[PDB]
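A quick write-up on the structure given underneath.
Residue numbers (my numbering), protein chains in the order written: chain X, 19 to 125; chain D, 19 to 125.
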């Protein structure tokens, strides 16, 4: 699945709707803590229309449970992220993935 | 599977061994011709140790059938590349992928 632990409460009231642009700052790491991508690094918020499948299902499904402002810890299982093939050279096969994700705003 | 059509014969005699560094210039496109990554663009040959799983199985298995110098057309089926999840925002699900690949040298 994806599972969501909170690290920061967000306004507790605004939650993403299908079609909205989620603006986020994330860090991605391997189940062993090993980091693999971060928008933080790049100093660039990342943005994706919710609903459009342009981000992994664990993100579609977990960021939709977050209120504006929230910082949360997402654990995503392979079936909800990159499956059995993985993404060679970045994500190995059947990797459970931990994302540290912060919802900055909706458009 | 991967399937390999030739576009240029290579020396016909040197074939990659496990452990060797393959240096390649490729272009990747979607089964509809739509381009999605190219080392050519970047003017940078790409290099990967054969055998190490750091490139998709269709490449492990198809570039190993190429002699130094050869330019070949690789069609790779989802199971041999990015499976059913794909790589959201780049490769959609169950995509058959066409690579235009040229083997420049071995290290």
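Even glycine gets a Cβ: it sits at the ideal position worked out from N, Cα and C.
Give me whichever residues DSSP pairs with residue 47 of chain X in a beta bridge. According to DSSP, which records beta bridges pairwise, residue 47 of chain X is partnered with X/53 and X/116.
Only counting the same chain, and skipping five residues up and downstream in sequence, which positions put a Cβ closer than 7 Å to that of residue 40 of chain D? If we look at residue 40 of chain D and ignore the five residues flanking it on each side, its Cβ neighbours are 34, 65, 66, 68, 81, 121 and 124.
Contacts of residue 106 of chain D in chain X (Cβ-Cβ under 7 Å): Near residue 106 of chain D (Cβ distances below 7 Å), the residues of chain X are 71, 72, 73 and 74.
How many Å lie between residue 45 of chain X and residue 96 of chain X at the Cα? Distance between the alpha carbons of residue 45 of chain X and residue 96 of chain X: 17 Å.
Under 9 Å between C-beta atoms, does residue 100 of chain X make it to chain D? For residue 100 of chain X, the nearest CB of chain D lies under 9 Å from its own CB, placing it at the interface with that chain.
List in chain order: all unbroken alpha helix (DSSP H) runs of 4+ residues lying wholly within the region 51 to 85 of chain X. With a minimum length of 4 residues, the continuous alpha helix (DSSP H) runs that stay inside the region 51 to 85 of chain X are 75 to 81.
Count the other CB atoms, across all protein chains shown, that sit within 10 Å of the CB of residue 102 of chain X; report buried if there are 16 or more and exposed otherwise. So residue 102 of chain X counts as exposed.
Could you tell me which of X/106, X/37, X/86 and X/75 sits nearest to residue 117 of chain X, measuring between CA atoms? For residue 117 of chain X, the nearest C-alpha among the options comes from X/75.
Please report how far the alpha carbon of residue 48 of chain X lies from the alpha carbon of residue 20 of chain X, in whole angstroms. Distance between the alpha carbons of residue 48 of chain X and residue 20 of chain X is about 14 Å.
Residue range of the beta strand (DSSP E) that includes residue 91 of chain D: Counting along the chain, the beta strand (DSSP E) containing residue 91 of chain D begins and ends at 89 to 94.
If we ignore side chains and look at the alpha-carbon of each, how far apart do residue 52 of chain D and residue 109 of chain D end up? Rounded to the nearest angstrom, the gap between the Cα atoms of residue 52 of chain D and residue 109 of chain D is 11 Å.
Look at the alpha carbon of residue 92 of chain X and the alpha carbon of residue 29 of chain X, and state the distance between them as a whole number of angstroms. A straight-line Cα-Cα distance of about 18 Å links residue 92 of chain X and residue 29 of chain X.
Does any residue of chain X have a CB that is nearer than 9 Å to the CB of residue 66 of chain D? Put simply, the CB of residue 66 of chain D is near chain X, with a gap under 9 Å to one of its CB atoms.
Tell me the rounded alpha-carbon separation between residue 56 of chain D and residue 22 of chain X. Distance between the alpha carbons of residue 56 of chain D and residue 22 of chain X is about 36 Å.
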